[PDB]
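A short worksheet on the structure shown next.
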Amino acid sequence: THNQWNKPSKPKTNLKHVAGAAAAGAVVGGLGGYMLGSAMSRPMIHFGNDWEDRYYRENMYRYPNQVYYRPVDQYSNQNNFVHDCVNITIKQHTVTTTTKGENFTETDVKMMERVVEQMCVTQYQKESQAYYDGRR
Amino acid sequence: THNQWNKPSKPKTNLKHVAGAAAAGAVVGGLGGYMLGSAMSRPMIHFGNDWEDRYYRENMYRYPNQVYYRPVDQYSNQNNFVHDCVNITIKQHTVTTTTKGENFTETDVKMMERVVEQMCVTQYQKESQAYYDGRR
Amino acid sequence: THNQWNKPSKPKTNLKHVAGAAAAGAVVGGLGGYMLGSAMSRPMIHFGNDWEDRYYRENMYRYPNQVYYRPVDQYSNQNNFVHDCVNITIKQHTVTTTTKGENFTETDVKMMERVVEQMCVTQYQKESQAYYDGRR
């Protein structure tokens, strides 16, 4: 004989942003031949009555990851790598408040001239040769 | 004999952004021959009576990942890589408030001249030769 | 003998953005021969009574992923890569408020001249030869 009763009264339940999996990653340049990991979300969430018996689950798992990097004659040049440039700013900022004023003069002057040439990420490369043969 | 009763009273239940799987990734340049991971979202959520018995599930799992990178003659040039450039800004900003004023003069003046040449991501490359043979 | 009763009272239930799978990925340049991961969303959400017995599911799973990168004579040039450029802005901004004013003068003056040449993503490449043979 097996009995299960579930009588919750006004069970307000919220599940926001639960069990999310995300496999990602940023790669700039490099010589390849690499492996990025996987993402697994496997939660068991239970409310109420759970009854289990005489089962056999989730056995004999294997996760063999192999990276075999065997180049023979590899010639490479890697120059001027950057990931990202964020929140570069130049500003002239004024905040003026006057709750109550009489017979007053306010003047705001903002000058910008020849402020900048480059703000970020200026990349220059002239002569790159992975293999150069200039004998004699 | 088996019995399952489920009598919740006003069970307000909310599930938002649950069990999402996202496989992604950004790659700039590189020499290839790589593997990015997968995303698995596998949650079990139960609100009530759960009864299981004499079952056999989720066995004999294998996840073999091989990256085999064997180039023989590889000549490569990689120059001037960037992922992204975000939130670059130049601004002249004024905020003026006058709740109550009499016989007043306000002046806002803004001049911008020759401010910038390149705000970001300027890439220049002149001479690249993966293999160069200039004998004699 | 088996019995299952499900008599919830006013069960307000909401499922929003549940069990979404998204396989994506951005690649700029590179030498190919890669593999991007997959997305699997496989949730089990149950309200009420669940009764399982003498079952056999989800066994003998294999996920063989192989990347085999074996070029022989690979010559390549990669120059001036960028993924994206976002939120580049130049602005002159003024916010003036006068809840109650009498006999006042307000002036807003904004000039822009020669402000910028390029905002972002300026790419220049002159001479690229994967294989160059200039013997004698």
Side-chain angles (χ1 to χ4, degrees), chain A residues 1-22 39-61, chain B residues 1-22 38-61 63, chain C residues 1-22 38-63:
Chain A
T1 299
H2 299 83
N3 305 292
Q4 288 183 311
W5 295 271
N6 187 59
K7 296 183 290 294
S9 314
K10 297 181 175 67
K12 292 181 181 179
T13 312
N14 290 280
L15 278 82
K16 306 181 194 174
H17 298 283
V18 169
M40 163 83 69
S41 191
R42 219 188 205 291
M44 298 185 69
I45 303 161
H46 181 74
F47 300 135
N49 306 307
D50 187 19
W51 196 101
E52 302 196 275
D53 184 48
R54 275 172 302 163
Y55 67 86
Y56 182 76
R57 81 188 186 212
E58 282 162 50
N59 301 288
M60 294 182 286
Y61 278 45
Chain B
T1 299
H2 307 78
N3 306 298
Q4 294 180 305
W5 291 270
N6 187 64
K7 292 181 181 179
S9 306
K10 299 179 170 78
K12 294 181 176 67
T13 311
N14 279 83
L15 277 73
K16 310 185 190 186
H17 302 281
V18 173
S38 300
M40 165 77 83
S41 189
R42 185 176 177 87
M44 282 169 90
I45 309 178
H46 206 319
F47 310 150
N49 300 310
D50 194 18
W51 199 99
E52 309 199 88
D53 187 65
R54 294 179 66 189
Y55 70 84
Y56 181 113
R57 81 181 186 224
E58 286 175 90
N59 300 292
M60 284 73 74
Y61 276 48
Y63 296 89
Chain C
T1 298
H2 308 74
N3 305 292
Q4 284 179 313
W5 292 272
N6 192 50
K7 293 187 286 185
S9 301
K10 299 186 170 68
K12 300 183 196 154
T13 305
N14 278 87
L15 278 76
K16 292 181 181 179
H17 299 281
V18 175
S38 300
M40 161 73 87
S41 186
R42 184 176 177 87
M44 293 177 71
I45 301 157
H46 204 316
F47 317 104
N49 307 307
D50 192 30
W51 201 101
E52 310 188 284
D53 170 61
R54 283 140 84 203
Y55 70 84
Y56 182 108
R57 76 173 185 232
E58 279 168 89
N59 300 296
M60 283 73 74
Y61 275 45
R62 287 180 154 195
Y63 296 89

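Chain letters run A, B, ... following the sequence lines, proteins first and then strands; every chain starts at 1.
- For the atom pair OG1 of C:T1 and CG of B:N3, the computed distance is 8.5 Å after rounding to the nearest 0.5 Å.
- The structure places CG of B:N49 at 4.5 Å from CD of A:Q4, a figure rounded to the nearest 0.5 Å.
- In this structure B:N6 satisfies the side-chain hydrogen bond (donor to acceptor under 3.5 Å, both in side chains) test together with A:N6, C:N6, sequence neighbours excluded.
- Here the closest heavy-atom approach between residue B:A21 and residue B:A39 is recorded as CB-O, 3.7 Å.
- The side chain to side chain contact (heavy atoms under 4.5 Å, CB included) search around A:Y56 returns A:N59, A:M60, B:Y56, B:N59, not counting sequence neighbours.
- Evaluation of the side-chain hydrogen bond (donor to acceptor under 3.5 Å, both in side chains) test over residues 8-17 of chain C, restricted to residues two or more places apart or in two chains, returns none.
- Between B:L15 and A:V18 the shortest side-chain heavy-atom distance does not fall below 4.5 Å.
- Shown here for B:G48 and A:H46, the closest heavy-atom pair between the two residues is O-CE1, 3.8 Å.
- A:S41 places no side-chain N or O within donor-acceptor distance of the main-chain N or O of B:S41, the cut-off being under 3.5 Å.
- Partners of C:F47 under the ring pair (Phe, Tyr, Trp, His ring centres under 6.0 Å) rule, at least two apart in sequence or in another chain, are B:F47.
- Among residues two or more places apart in sequence or in another chain, the ring pair (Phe, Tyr, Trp, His ring centres under 6.0 Å) test is passed with A:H2 by A:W51, B:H2, B:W51.
- Separating the NZ atom in B:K7 from the NZ atom in A:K7 is a distance of 7.0 Å, to the nearest 0.5 Å.
- Sorted by first and then second residue, the salt bridge (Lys or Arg N to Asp or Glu O under 4.0 Å) pairs with a member in residues 40-56 of chain B read A:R54-B:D53, B:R42-B:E58, B:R42-C:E58, B:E52-B:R57; sequence neighbours excluded.
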